[PDB]
Structure formats: C-alpha cells, structure tokens
C-alpha cells in the first residue's frame, strides 16, 4: 500500500506558554523577532497570548508588558506563512475576548479547560466555529484522570464543534506509556477526521520523548517552543523535536537550522530564570503540579523565607488545578504557621 507520507503540524507556543518563563514581559521587538524566525522556519502556527490565555494579565498570574491584542497585532504584521493561534480559558477569557483576538489576526483558537470540565467550553467552541476559526479543544492537567475519561471529555468538545483535540500534560507528570494510553483512548472514540494534538511539558525531561510517542501513536499536531521557553522546565523544545523528527525521516516541513539558531540567538538570551530541569521543576513533574506555578512559588519562597520545593510538594498534596496561583501564597502562609 503506497500512500503519501503524513505531514506533521508544528504548533509553536513560544509566545504564549513561553510568556510564563519571562513573567509576561516580552517586548514588541521580541515578539516580532521571534515570529519572523518561526515564520521563516515554516511552522504551521504561532500561538500568542498571556501564558494563562486571553485576558490572563492579572495580579493572580502576573501583568503583561503589553496587552494580548498588542502582541497579536505585532505578530500579524511580520508573518506570511504561519497562522496565529491563541489560547482561551473559560473562567478567565470570554467570547468577547475571542472576538477581539480574531479582529487582531488570530485564526486558530485552543479553548482550554481542566480535564474534567470540558462542558464549560461549549459556547467558546461554538462561537469560534461561527467565526470560521480553526477551533481546537485543549484538556489541561491530563494526567489527573484515566485515559478513557479524558477521551470522553475530548469527545464532548468534538460535539461542540472542535476539529482538533489536544491533551496537555500541564504538570509535566506523564511518562511515555501514559501518552500511549491517552492517544489510544482518543483514537477509539473520536471521529477519524478529528485531529489530535500533544502538548507536553519537560519537567521529567520527557517533553520530546512524549511528543515522539504521541506521533508514533497517530497524533497530528505537536506543540513545542524554542529552547523549551514555557512554564516549569518548559515545553517540548521545538528545535530538539525537529532534529529528532528529521533523523527519523518524518515529514515535519520546517527548517531545522533556522529553529536552532532562533532558539539560542533570540529566545534563550531573554530568559532571566533558566528554563531547565532542576530541583524545583523536577518537583513539579514528580508531584504533578500545574507548571505555571513555578515562578510564583519561587517568589513566595523568597518573600516568606521557605524552600520552593516544600511549597510545590504541598500544592501537589492539595490537588490544585490550572489558574489556582492564589493558593500558592495560601500554602506558603500555612507552611510558615506549621513550622512555628
């Protein structure tokens, strides 16, 4: 059976998930420089928004240096190959924010919910489909429920109109067989035409390994970022994933050297807290803690004179979900009281 090879969809999240690593301080020159490189490299999409999605700028998650719409408009002016993607979390961003982001240039939207809460995505997915956007469902903290339950939530977003479903390993807690389990569950219940995306985090050093396995199990889209720029120990490092994909003979359609150069020449120098696996980010992956909590826990650790790892371990015990950064100070205050 002689058939055309599968073309992988490469979704860069350097300007959205990577916003967490720089505490949402990208300049307009930064986003233009990064988008130009990515677009030259021929990635399929460039995701742009605050790390917590549209209207994530806040005291809870940190304020952005610019608004999401300013960043989107800046990127739209520099690119001609890739589409602009954005992230929207019901409870934080709204359909009105999605309308404004579409007006600014976004054409792909990933509507993200905690893995058990996909029914809050209905109106956003239906609105995005009415706008003619590439509409994607995105399930956060995907290690928290079994593969068949996650698939049922994915099928619910499919029923709302999403044409792609992602699993996001927000806590960077999964290993390769957990990825296999989830990909098989999705493929068993979704329509054959519905795309599947992988969004791995690197907290256990398996961001690229998990992406490779996702693709071997049939996934269509892979989220990654230059130098892994992203929450916790970062996302799967895009230049690394593409180097491996290239050695495997996979049809990824991007330019490897452009990505390798952009990662170290443009993106890496913007880091002020190195995006790597270390005691703290390994603690996120081990405990299965939402990766964006990293810097907020390091800030609380320095303010209250505690160890960041002790804060993360307790957050793991508390079973917090995405968006619950206010519980980081709660845990820190409780640890101080406990120690007294």
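Numbering follows the first chain given and starts at 1.
**Q** Averaging C-alpha B-factors over each stretch, which comes out higher, 9-17 or 328-336?
**A** Mean CA B-factor is higher for 328-336.
**Q** Highest mean C-alpha temperature factor of the two stretches 165-173 and 185-193, which is it?
**A** Going by the record's values, the stretch with the higher mean is 185-193.
**Q** Among 206, 87, 245, 233, single out the one with the highest C-alpha B factor in the record, please.
**A** Highest CA B-factor of the listed options: 245.
**Q** Among 225, 113, 211, 103, which residue carries the highest C-alpha B-factor recorded in the PDB entry?
**A** The listed residue with the largest C-alpha B-factor is 103.
**Q** State the tercile, meaning the lowest, middle or highest third, of residue 239 with respect to the CA B-factors recorded for its chain.
**A** As the PDB entry reports it, the C-alpha B-factor of residue 239 lands in the lowest third of its chain.
**Q** Is the Cα B-factor recorded for residue 76 in the lowest, middle or highest third of its chain?
**A** Answer is highest: the recorded C-alpha B-factor places it there.
**Q** When the deposited Cα B-factors of this chain's modelled residues are ordered and cut into thirds, is residue 284 in the lowest, the middle or the highest one?
**A** Its C-alpha B-factor, which the entry lists for residue 284, ranks in the middle third among residues of this chain.
**Q** Would you check the entry's CA temperature factor for residue 59 and let me know if it's in the chain's lowest, middle or highest third?
**A** According to the entry, residue 59 has a C-alpha B-factor in the chain's middle third.
**Q** Looking at the entry's B-factor column for C-alpha atoms only, identify whether residue 297 ranks in the lowest, middle or highest third of its chain.
**A** Lowest third, going by the recorded CA B-factors of the chain.
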